[PDB]
Amino acid sequence: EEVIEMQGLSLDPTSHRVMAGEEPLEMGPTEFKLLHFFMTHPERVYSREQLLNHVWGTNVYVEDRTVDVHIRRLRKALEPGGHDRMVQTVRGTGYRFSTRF
Amino acid sequence: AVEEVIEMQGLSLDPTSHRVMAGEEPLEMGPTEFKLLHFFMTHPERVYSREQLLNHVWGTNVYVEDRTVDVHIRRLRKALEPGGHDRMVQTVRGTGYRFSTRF
DNA sequence: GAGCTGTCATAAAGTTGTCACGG
DNA sequence: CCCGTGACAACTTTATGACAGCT
């Protein structure tokens with residue numbers, strides 16, 4: 001597990017930190033986990049049901065639209081460096097994380 | 001307690017003298033807060049759990065209670081205010097504490 | 001001319017899963 | 001499966017101010 005860097009956005013597990021350039025971005029633990037999954041599997045879409053599975057649990061109960069709300073917070077928080085652009089929606093399929101846009 | 005001095009954002013720990021100075025002003029603080037700071041500064045930009053701090057600073061998690069670390073982190077903070085360096089003792093909710101220069 | 005420590009109980013702060021509404 | 005937001009009530013994790021015993 002190393003520091004993940006893309007488009008000037010970094011996530012270091014060790015320090016447990018998210019930084020847009022030299023600017024650190026505050027955000028709850030769920031979001032950190034969310035981004036941590038996206039950043040580990042970029043250029044791949046996931047339906048909400050797959051996010052709750054990969055991020056919450058194969059046996060978790062949370063409702064599909066819960067995902068949206070977290071994508072949203074992960075976006076409001078990825079704003080300072082304009083990186084919310086990387087948190088991409090895919091109509092009728094789910095969400096994607098990508099360096100392309 | 002190694003050899004050379006630790007220099008960061010104007011904050012410094014000199015093992016040799018066993019002293020902490022913000023710029024040039026000395027900073028007072030008990031033996032532990034100093035040991036903690038000595039650990040934090042040699043292991044920066046890396047989050048540690050209260051438990052690990054016990055093992056590393058206290059040398060063992062057996063006699064003290066996890067939350068005792070919060071108290072010390074606080075006292076270290078009050079001791080780093082003068083030069084404004086209390087900013088480097090950062091709380092990583094649900095994970096512990098971390099020492100960092102990037103804020 | 002004291003300076004330190006480890007725990008508590010308590011007040012604070014930051015999170016979370018859903019909703020209702022709108023776009 | 002349409003998705004994105006701002007608002008919530010409850011819940012969980014931290015920061016403090018004391019406190020009494022010791023070194």
Side-chain angles (χ1 to χ4, degrees), chain A residues 16-18 24-38 45-57 59-79 82-98 101, chain B residues 18-20 26-40 47-81 85-100 103:
Chain A
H16 195 276
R17 210 158 198 196
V18 160
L25 312 151
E26 317 308 353
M27 68 174 85
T30 288
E31 275 71 13
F32 187 87
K33 306 172 185 178
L34 222 214
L35 182 62
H36 197 162
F37 179 58
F38 281 140
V45 51
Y46 286 101
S47 70
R48 300 175 172 61
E49 191 173 60
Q50 293 190 51
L51 287 185
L52 295 173
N53 284 47
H54 287 78
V55 191
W56 279 238
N59 196 299
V60 70
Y61 94 145
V62 181
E63 70 150 292
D64 266 354
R65 291 299 150 183
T66 283
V67 172
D68 304 12
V69 176
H70 281 304
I71 291 288
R72 181 276 192 181
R73 278 173 194 136
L74 172 52
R75 270 173 181 167
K76 177 178 178 180
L78 270 179
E79 281 176 34
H83 295 83
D84 33 354
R85 276 193 295 178
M86 299 176 79
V87 174
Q88 284 149 37
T89 301
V90 173
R91 182 145 261 275
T93 309
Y95 298 98
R96 171 178 54 231
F97 188 77
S98 181
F101 42 65
Chain B
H18 201 271
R19 208 163 204 191
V20 172
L27 303 176
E28 297 304 300
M29 65 184 87
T32 301
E33 291 81 358
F34 172 105
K35 283 180 185 174
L36 228 193
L37 184 57
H38 190 179
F39 178 70
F40 276 142
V47 70
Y48 287 101
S49 49
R50 292 159 177 72
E51 192 189 69
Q52 309 179 87
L53 295 170
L54 292 183
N55 276 56
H56 290 80
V57 181
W58 281 247
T60 180
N61 153 283
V62 181
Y63 311 92
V64 175
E65 178 72 1
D66 289 353
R67 288 298 177 179
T68 297
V69 183
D70 299 4
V71 166
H72 275 274
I73 282 287
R74 160 136 183 296
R75 294 169 183 182
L76 176 58
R77 267 167 190 174
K78 172 173 294 198
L80 289 187
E81 304 187 315
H85 297 92
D86 53 349
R87 273 191 305 193
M88 304 160 94
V89 176
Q90 307 162 351
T91 300
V92 184
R93 166 174 271 257
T95 301
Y97 297 93
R98 148 188 64 207
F99 191 75
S100 169
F103 37 65

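Each chain gets a letter, A, B and so on, in the order its sequence line appears, and its residues count up from 1.
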Does the side chain of A:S98 reach to within under 4.5 Å of the side chain of A:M86, using non-hydrogen atoms? no
Is a side-chain N or O of A:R73 found less than 3.5 angstrom from the main chain of A:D68, in a donor-acceptor match? no
What does A:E26 touch in the nucleic acid at a heavy-atom separation under 4.0 angstrom: a base, only the sugar-phosphate, or nothing? nothing
Please state how far atom CE in B:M29 lies from atom P in C:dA2, giving the value in whole angstrom units. 22 Å
Looking at D:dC3, D:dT14, C:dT15, which one has an atom nearest to any side-chain atom of B:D70? D:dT14
Out of C:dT18, C:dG6, C:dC4, which nucleotide sits closest to the side chain of B:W58? C:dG6
Under 4.0 Å between any heavy atoms, over every strand shown, what does B:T68 touch: base, sugar-phosphate, or nothing? Just pick one. base
Quiz item: B:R74 side-chain donor-acceptor pair to D:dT16 base, under 3.5 Å: no
Spacing between A:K76 atom NZ and C:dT15 atom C1', to the nearest angstrom: 14 Å
Please give, in whole Å, the distance from D:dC3 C1' to A:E63 CD? 13 Å
Please evaluate residues A:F37 and A:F97 with respect to the criterion side-chain contact (heavy atoms from CB on, under 4.5 Å), reporting the C-alpha separation (whole Å), side-chain torsions for both, the decisive distance (0.1 Å), and the verdict. CA-CA 9 Å; A:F37 179 58; A:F97 188 77; over 6 Å; no
What's A:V90 touching, base or sugar-phosphate or nothing? Going by heavy atoms closer than 4.0 Å. sugar-phosphate
Interatomic distance where CZ belongs to A:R65 and P belongs to D:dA7 [whole Å]: 21 Å
Polar pair under 3.5 Å, donor/acceptor by atom type, side chain B:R93, base C:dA13: yes
Between D:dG4 atom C1' and A:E79 atom CD, what is the distance in whole Å? 12 Å
Side chain A:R73 and base D:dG4 donor-acceptor under 3.5 Å: no
Any chance CD of B:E81 has more than 12 other-residue heavy atoms, nucleotides or ligands included, within less than 6.0 Å? yes
Nearest to the side chain of B:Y97, which nucleotide is it out of C:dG17, C:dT15, D:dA15? D:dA15
Would you say A:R75 and A:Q88 are linked by a side-chain donor-acceptor pair, where the criterion is simply a distance under 3.5 Å? no
Can you tell me the distance, in whole Å, between the CG atom of A:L51 and the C1' atom of D:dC3? 14 Å
Considering just the side-chain nitrogens and oxygens of A:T89, establish if one lies under 4.0 Å of OP1 or OP2 belonging to D:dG4. yes
Within the structure, does a side-chain N or O atom of A:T30 lie under 4.0 Å from either OP1 or OP2 of C:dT15? no
Figure out the NE2/P separation between A:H70 and D:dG4, and round it to whole Å. 14 Å
For B:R50 and A:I71, find the nucleotide of DNA chain D closest to each by heavy atoms; which residue's nucleotide sits nearer the 5' end? A:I71
With rounding to the nearest 0.5 Å, note down the distance linking OH in A:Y61 to OG1 in A:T66. 8.0 Å
Sugar-phosphate, base or nothing in reach of A:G92, heavy atoms under 4.0 Å: base
Spacing of A:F32 atom CZ relative to D:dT13 atom P, expressed in whole Å: 18 Å
Per atom distances to the B:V71 side chain, the nearest of D:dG17, C:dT16, D:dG6 is D:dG17
